[PDB]
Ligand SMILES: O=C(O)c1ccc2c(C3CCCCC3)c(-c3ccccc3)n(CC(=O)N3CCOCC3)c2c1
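The chain that follows stands alone, in the form solved without this ligand, written as structure tokens.
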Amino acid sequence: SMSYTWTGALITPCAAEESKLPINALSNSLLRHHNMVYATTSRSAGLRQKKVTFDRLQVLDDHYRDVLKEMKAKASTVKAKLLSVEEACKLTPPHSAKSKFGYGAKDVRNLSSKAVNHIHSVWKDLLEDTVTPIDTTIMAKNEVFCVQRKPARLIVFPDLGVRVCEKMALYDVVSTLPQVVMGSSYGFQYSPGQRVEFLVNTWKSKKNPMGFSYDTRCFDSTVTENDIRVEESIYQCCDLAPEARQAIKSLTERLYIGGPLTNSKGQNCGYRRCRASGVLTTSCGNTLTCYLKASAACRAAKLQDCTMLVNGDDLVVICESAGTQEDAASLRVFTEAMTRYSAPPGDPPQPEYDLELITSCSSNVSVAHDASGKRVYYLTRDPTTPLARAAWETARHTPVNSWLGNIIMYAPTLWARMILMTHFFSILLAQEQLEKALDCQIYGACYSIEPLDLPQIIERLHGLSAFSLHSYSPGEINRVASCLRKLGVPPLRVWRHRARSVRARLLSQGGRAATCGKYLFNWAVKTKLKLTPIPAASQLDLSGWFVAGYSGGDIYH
């Protein structure tokens, strides 16, 4: 069937939208070529609508149903609880979309009478009605990129009251079941340091390793009613409370398999018969369905010793090579199986033979050397987009600061350290907002971080290595230098002078600020410190961090 049907009505913005890079006094110090940077807006939503709209066909063979059986047995060992209205309420981001029924996220966060009353009524309605499609809002995502100029991505989400209800019914399921179903292949359990460790160990565990990523053409749109009904029969495998089973059935019939689409004005835009991007189960479903299709497609293409690594739609496979030309041939069969399963590719998969040449979760493995000369494997990426987004957030305050999320996840990298750390810690010194908590997104969940806890966080997710890394790979050094050339970013020399200034200004503050300069910027000095393990790092409660993915799922910690 068609993934979408369209009435003709436009996808409208909520507030004001800027497509070109905003400029302040601090912009040029980071980036010179400003017309290379742009953000997607609801202006381009019509191109995306075309790209997401297509007929899906599905052919389900025995390999599909074999893998599904296996998944179901594992899923049936799961016991999940109903979350109380209040517990579910506290998982709402403070900046999450307001209800059409006269309340907002903070009303939900403080547990106001109006909101909780309404949520209980939506829950009741979920139990007593398993048929009526639930209204969703269709919105274009505003996201910053550097030119090659992409269209806006879409977001489809239900009302805040329904979102809290999904939480009551399914928060426990989406958090625990995926790791139980897919084990080592569930990506969202790993921190950066564990992701590199798992990748490298897998690679070397093969006699002759072959790795590939699979770019699916718009995953969400390819998800069918079959896939959504199938993933529900997976959730139902869990030992659930009778109310949960009804709510999961109900949310599946009425909301997950599809429903009517409404712009931010309140106008009917059409109908969805594919994955909604902004529901609680978006990350988990995508991870389940992708694992399913891909698992079976490996069997169809007779790939041997497959270790898959799934994070939603994003998939990477490491296997035993059959030889370059047979690896190529096997991937053509894998693609054929995936296409048959309604997961056709965008750019076709290619077989790779250097771990560093494989991009998974927008990242590649790479090698650097710590203080003692030890080979340290770390994850990195082309820094273009993070730096473009950092240029936008230099001039426009955003609910989720993507630079901080980057500094957290890419802390051991050359570009995060010498540019991202230096620039924003300078920004925060100038504003005196170092003790001010900032929000970022890790695995889809929104986290509230205080900048001064960064060395403690970095030690915990990467090890003390992340502060000592030098002698980066020439390929990595080039790629960074190539990106900085393109963007018009100052050279390494400039950033060293700024970091020396940042560090010295942090040292004067004493305490957590001094600890910041010491650890984050020891790279910028000639007479470097030997960095000790920070004692106040075992203190940190990093629970919720690497448990599951929640992209579009409207989750807060």
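Definition used throughout: the rigid core is the maximal C-alpha set that superposes within 1.5 Å between two forms. In this text, residue numbers run from 1 along the sequence as written.
One more form of this protein, solved in complex with this ligand, exists but is not displayed; see below.
Judged by the 2.4 Å clash test against backbone and C-beta atoms, the pocket of this chain is blocked once this ligand is superposed from its pose in the bound PDB entry, as three or more ligand atoms violate the cut-off. Heavy atoms within 4.5 Å of this ligand in the bound PDB entry are found in one stretch of 80-88, 320-328, 384-392, 120-128, which is 384-392. For residue 165, no non-hydrogen atom is located within 4.5 Å of this ligand in the bound PDB entry, even though that partner is not displayed. In the bound PDB entry, this ligand stays beyond 4.5 Å of every heavy atom belonging to residue 138.
The closest heavy atom approach of residue 487 to this ligand in the bound PDB entry falls within 4.5 Å.
Interface residue remark: residue 419 is counted as part of the site for this ligand in the bound PDB entry, having a heavy atom within 4.5 Å. For the options 512, 63, 498, 56, the one in contact with this ligand in the bound PDB entry, meaning a heavy atom within 4.5 Å, is 498.
Proximity to this ligand in the bound PDB entry, taken as a non-hydrogen atom within 4.5 angstroms, holds for one residue of 334, 157, 424, 341, which is 424. Only one entry in 218, 237, 440, 355 has its C-alpha moved by 2 angstroms or more between this form and the one not shown when the rigid core is superposed, and that entry is 440. Residue 428: CA moves 2 Å or more between this form and the one not shown after rigid-core fitting. In a rigid-core overlay of the protein, residue 67 has its C-alpha displaced by under 2 Å between this form and the one not shown.
For residue 450, a C-alpha deviation of 2 angstroms or more is recorded between this form and the one not shown after rigid-core alignment.
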